[PDB]
Amino acid sequence: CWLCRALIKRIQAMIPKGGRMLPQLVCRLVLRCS
């Protein structure tokens, strides 16, 4: 009478995630024109 321990380890595999590069430098940083 347990098994539920399997659903829990599942959440364990779904905890991943991140992202976030933010490459706006050259965009508004250059605008040399000259």
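Residues numbered from 1 in each chain as written, not as in the entry; some residues may be left out. Heavy atoms only, no water.

Method of determination, as given in the entry header: solution NMR.

## So, the overall build of the protein chain
Within the protein chain one finds 2 helices and 0 strands. Counting only C-alpha atoms, the protein chain reaches 75 × 5 × 5 Å along its principal axes. Per-residue burial for the protein chain yields a buried fraction of 3% across its 34 residues. Looking at the protein chain as shown, the accessible area adds up to about 4000 Å², and 67% of this sits on carbon and sulfur atoms. (Helix = DSSP H or I, 4+ residues; strand = E, 2+ residues; numbered from the N terminus. Buried < 20%, exposed > 50% of the residue type's maximum accessible area, 1.4 Å probe, protein only. Areas by Shrake-Rupley, 256 points an atom, 1.4 Å probe, with all protein chains shown as cover.)

## Brief notes about the UniProt feature "disulfide bond" in the protein chain
Formation of the UniProt-listed bridge between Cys-1 and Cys-33 is not supported by an S-S distance of 74 Å, which is 2.5 Å or more. Of note, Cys-1 is situated in the segment before α1 (5-14). Here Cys-33 shows up in the segment after α2 (25-29). A sulfur gap of 50 Å between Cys-4 and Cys-27 means the disulfide that UniProt records is absent from these coordinates. (Disulfide = S-S within 2.5 Å. UniProt positions renumbered as here; feature names shortened; annotations may be inferred.)

## As for the environment of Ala-6
One can find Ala-6 in helix α1. We classify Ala-6 as buried; its relative accessible area is 19%. For the pair formed by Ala-6 and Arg-28, sequence separation is 22 residues and the distance between their alpha carbons is 50 Å.

## Structural notes on unusual backbone geometry
One non-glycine residue, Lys-17, lies in the positive phi region at around 145°. Judged by its relative accessible area of 87%, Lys-17 falls in the exposed class. With a phi close to 70°, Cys-33 is a non-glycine residue in the positive phi region. A relative accessible area of 79% places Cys-33 in the exposed class.

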